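Throughout, protein chains are lettered first and strands after them, A, B, ... in sequence-line order, and every chain is numbered starting at 1.
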Amino acid sequence: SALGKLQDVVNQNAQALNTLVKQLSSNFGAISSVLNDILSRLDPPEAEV
Amino acid sequence: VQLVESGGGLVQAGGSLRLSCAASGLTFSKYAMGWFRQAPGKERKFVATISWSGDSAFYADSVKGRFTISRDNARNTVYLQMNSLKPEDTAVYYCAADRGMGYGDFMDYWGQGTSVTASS
Amino acid sequence: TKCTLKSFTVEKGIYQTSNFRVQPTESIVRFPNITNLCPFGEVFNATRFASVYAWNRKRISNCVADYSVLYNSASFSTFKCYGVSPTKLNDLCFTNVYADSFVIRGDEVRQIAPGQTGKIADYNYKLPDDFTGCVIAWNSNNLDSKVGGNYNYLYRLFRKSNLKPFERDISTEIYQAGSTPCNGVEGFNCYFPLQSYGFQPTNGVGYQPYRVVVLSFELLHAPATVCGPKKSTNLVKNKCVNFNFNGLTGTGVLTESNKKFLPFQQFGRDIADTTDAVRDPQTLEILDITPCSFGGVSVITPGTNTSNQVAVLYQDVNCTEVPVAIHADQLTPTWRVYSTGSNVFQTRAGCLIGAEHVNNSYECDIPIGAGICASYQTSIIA
Amino acid sequence: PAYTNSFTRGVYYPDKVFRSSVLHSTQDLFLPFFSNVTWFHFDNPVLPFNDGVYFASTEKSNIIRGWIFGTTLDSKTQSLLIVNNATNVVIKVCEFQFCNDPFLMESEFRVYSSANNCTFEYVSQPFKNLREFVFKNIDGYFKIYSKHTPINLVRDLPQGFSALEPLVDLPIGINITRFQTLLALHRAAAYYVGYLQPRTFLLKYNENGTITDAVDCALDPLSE
Ligand SMILES: *[C@@H]1O[C@H](CO)[C@@H](O[C@@H]2O[C@H](CO)[C@@H](O)[C@H](O)[C@H]2NC(C)=O)[C@H](O)[C@H]1NC(C)=O
Ligand SMILES: *[C@@H]1O[C@H](CO)[C@@H](O)[C@H](O)[C@H]1NC(C)=O
Ligand SMILES: *[C@@H]1O[C@H](CO)[C@@H](O)[C@H](O)[C@H]1NC(C)=O
Ligand SMILES: *[C@@H]1O[C@H](CO)[C@@H](O)[C@H](O)[C@H]1NC(C)=O
Ligand SMILES: *[C@@H]1O[C@H](CO)[C@@H](O)[C@H](O)[C@H]1NC(C)=O
Ligand SMILES: *[C@@H]1O[C@H](CO)[C@@H](O)[C@H](O)[C@H]1NC(C)=O
Ligand SMILES: *[C@@H]1O[C@H](CO)[C@@H](O)[C@H](O)[C@H]1NC(C)=O
Ligand SMILES: *[C@@H]1O[C@H](CO)[C@@H](O)[C@H](O)[C@H]1NC(C)=O
Ligand SMILES: *[C@@H]1O[C@H](CO)[C@@H](O)[C@H](O)[C@H]1NC(C)=O
């Protein structure tokens, strides 16, 4: 654990960045989290919602 | 009831034609339509079909490669592109409508007939 | 650079002006080796189809039944796909893929339609309102017409109540119309309902039977079984392409793989759950997926008051596809001199255009990165 | 009836994704670690389905031949059936009726009631190996997972870890509440039954995408 102070920062950054990418797979209330499914299975007047 | 045709086999050389029909007697967006042909040696042979909405269509065996159909939901008119004419296609074509569509011996109204003469 | 700084003079330095991204070309599609081939062929190529009194709601499930052969079958007259346009039948099916057939008499084919009663739509077969499926009537004289008439398909010409839509009505008892009872021995009010289609060669096309089959498509909470086939192109490699395998879609570059799936996985993910490998449904081969190249573009300038030359850095990109990365053939002839030339240098930071490499070493003037700097010596050097 | 322990058995691949040298946490219907499961071993009672079923068996002779599934198990409503005939597997969903005691040099077919109103069929090809199966039924689909393993032990479920690879899904699209086993009679078996419920697991994928270990996130505080 000698170089813990140098390790911690690395770890922190990595995990924060990881938490960003995973956040890209959440609905937030929509019907799907993948954009082409909304663009395909729905109509322009209401897909925008 | 007022089913009219157009065109005319005036081919000074190799060329095509268009049949412009119109059901100016009844409603145009309720009855599915078909164009038929009369060779001098044959009967009112089926050529092309088209739906009530102008989408469902499937040509006959003889004309599924070159002879294009189209009809309009409004405007009461309808067209058939008679592209790359053939002498066997020198015929009296009848635009006509019915409840169904496609090679019906009986139909609601037949056209006035266009005697297109694909010449050489 | 002048437009992004909103100035008419720029100081010596390195500025970032825009991004860039390679664009897809082919948009390929791959789907499984369909080869499932419903046995509709006989119920297209048999000699005696169902009977209007005994037209079974035959449940044919779990296979592909192509209809393109129907569209180009060169026999149809009143082929009509209600609900969905026939041209878009093979692409998309519906659940409840039940199937029906008969060789009907064609004098009332136009009576067989949704929302239209009549005689055949009354005693023989009725279409429910808003029909979702295909009723297909075509010419079948040459086979179902024997000498003196093919009396092989009788028909119930009498029924107590108008048929419920989609009801195969089979019965032996005779029509009731009066009050005086038939004594089994046929009387004056017996009225044998199962009359016989006169299907003679003497009949015309309408009088002769149009064969009508019914691909009915309902909506029940049961999995769909039979649908039309799917087309699929061939596959390209080592090109930024759009792709859609059997269900999942994306854009990227597909390359040969070194990993090894188990015999039942289809694709593969990594940490953070991004798909990065796939198996082609028709060859059982694993392909790696890589994003199409993207990055930023920066401009190195020695200051407006000093000179008027520039150099361009495309960050972390192999220094070959720059004229395709930016749409160089669309830009002005003055941009085009900065997408290729004699001075092309590959650094750990990217692709550098417009400056010449030198073996000498000086103090850093403009930082490019990874130990590389650039400056002006009258020409830009790196 | 002479229960026994479940030493970390009954783990199956939850989907068709490939993963390499990773730990992945999932939530699904599983068999909890260290439970007591009924042990029949001559035995053929009615047992409820309850959201899914684990099933192990070890037998030298081929006594166990298949299974019966359904809701009412009579002429009224549709049922489902799997049978092995030593060369082929018959799977049917026909409308049978009840049999107070179905069972099978060979005398067999004593299970048969009648076969009116069929709606699907999937004839296919098929101290002894412990044979393990997992049955689920959801979204109109019926899913089966299985595994076979050499065994050297008596009367006991072996310890250790091994995963249940899928082998079939069926678009049966029916409902189901209880089931039966099928044994061939010819004048030594083993017959375990457990149950599944919605519990969260953590799974380990090695360098080749094989599940080699798991932990149950509700067995212990240390597991939590
Ligand atoms: C998909 O169908 C094609 C059509 O034949 C199969 O292609 C052949 O596959 C064999 C191996 O099974 C090769 O030896 C041949 O050279 C292939 N020929 C052609 C023209 O493709 C293919 O194997 C099938 N794939 C699957 C997964 O069933
Ligand atoms: C029926 O058979 C004929 C000739 O045997 C063939 O041309 C036709 O394509 C077959 N029907 C279908 C639907 O393929
Ligand atoms: C331009 O200005 C910069 C700093 O403002 C200076 O260093 C440079 O020498 C000037 N060039 C000329 C040609 O005067
Ligand atoms: C850059 O592209 C060239 C052209 O094929 C290739 O030979 C070289 O290996 C590539 N290098 C890198 C670092 O991408
Ligand atoms: C610079 O160094 C390279 C690397 O060996 C060499 O090929 C070249 O001749 C040297 N001189 C010049 C002027 O580039
Ligand atoms: C073992 O089985 C007995 C029998 O009912 C039960 O009481 C007990 O809870 C089981 N053990 C565990 C750990 O569930
Ligand atoms: C046969 O099974 C179908 C499928 O559910 C059902 O609709 C029908 O009523 C059944 N008929 C008989 C006679 O069991
Ligand atoms: C099965 O039966 C239950 C009640 O007995 C019913 O609620 C459910 O909808 C049925 N499911 C199917 C698929 O028939
Ligand atoms: C993975 O597979 C390779 C060969 O396919 C094998 O050499 C290696 O031992 C395997 N890894 C494990 C952990 O079994």
Side-chain angles (χ1 to χ4, degrees), chain C residues 32 36 38-39 56-65 93-99 168 216-227 245-248 250 257-281 284-289, chain D residues 12-26 77 80 91-95 117-124 134 137-138 140-147 162-176 202-206 208-212:
Chain C
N36 201 358
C38 284
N56 60 6
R57 173 39 71 95
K58 61 188 288 184
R59 169 65 279 184
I60 312 303
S61 69
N62 312 126
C63 46
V64 296
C93 75
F94 316 87
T95 195
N96 305 115
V97 189
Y98 320 135
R168 165 201 182 255
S216 187
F217 283 117
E218 300 81 344
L219 198 151
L220 200 51
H221 61 278
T225 61
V226 163
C227 319
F245 283 78
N246 53 6
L248 79 167
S257 54
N258 218 358
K259 55 175 72 74
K260 190 63 61 66
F261 285 20
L262 293 204
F264 65 99
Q265 291 86 15
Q266 297 305 97
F267 51 102
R269 299 180 197 269
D270 60 344
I271 299 90
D273 274 2
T274 309
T275 185
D276 63 357
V278 74
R279 188 206 285 288
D280 45 356
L284 267 48
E285 184 60 27
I286 296 90
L287 309 158
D288 293 2
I289 297 183
Chain D
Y12 59 94
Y13 292 82
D15 59 0
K16 297 166 161 303
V17 189
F18 178 78
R19 304 170 157 106
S20 177
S21 278
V22 76
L23 305 155
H24 179 245
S25 73
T26 181
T77 49
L80 197 152
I91 297 96
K92 296 170 77 173
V93 74
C94 300
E95 173 76 44
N117 200 340
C118 290
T119 58
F120 171 86
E121 204 294 316
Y122 182 76
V123 171
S124 168
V134 176
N137 184 94
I138 193 66
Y141 285 100
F142 188 86
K143 313 180 174 68
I144 296 178
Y145 313 77
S146 87
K147 181 62 170 267
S162 73
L164 281 291
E165 301 170 353
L167 68 80
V168 74
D169 185 357
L170 312 176
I172 297 319
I174 73 172
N175 45 7
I176 178 173
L202 184 86
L203 300 171
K204 167 189 275 190
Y205 293 82
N206 64 345
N208 297 355
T210 308
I211 293 189
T212 79

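- Checked against side chain to side chain contact (heavy atoms under 4.5 Å, CB included), D/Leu23 has the following partners two or more places apart in sequence or in another chain: D/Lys204.
- Residue C/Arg269 comes nearest to D/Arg19 through the heavy atom pair CD-NH2, 4.3 Å, listed as atom of the first residue, atom of the second, then distance.
- Contact between C/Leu262 and D/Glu165 at its shortest, heavy atoms only, is CD1-OE2, 4.4 Å.
- With rounding to the nearest 0.5 angstrom, the CD1 atom of C/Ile271 is 8.5 Å from the OG atom of D/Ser20.
- Side-chain contact between D/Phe120 and C/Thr225 is absent, with no heavy-atom pair separated by less than 4.5 Å.
- Looking at every heavy atom in both residues, C/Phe264 comes nearest to D/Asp15 through CE1-O, 4.3 Å.
- Minimum interatomic distance between D/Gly173 and C/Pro223 (heavy atoms only, all atoms of both residues): CA-CD, 3.8 Å.
- For C/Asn62, the part sitting under 4.5 Å from any heavy atom of chain D is the side chain, from C-beta outward, and nothing else.
- Between D/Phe18 and C/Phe261, the two ring planes are parallel [angle under 30°; tilted spans 30° to 60°].
- Partners of C/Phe94 according to the side chain to side chain contact (heavy atoms under 4.5 Å, CB included) rule, which considers only residues two or more places apart in sequence or in another chain, are C/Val84, C/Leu92, C/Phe217.
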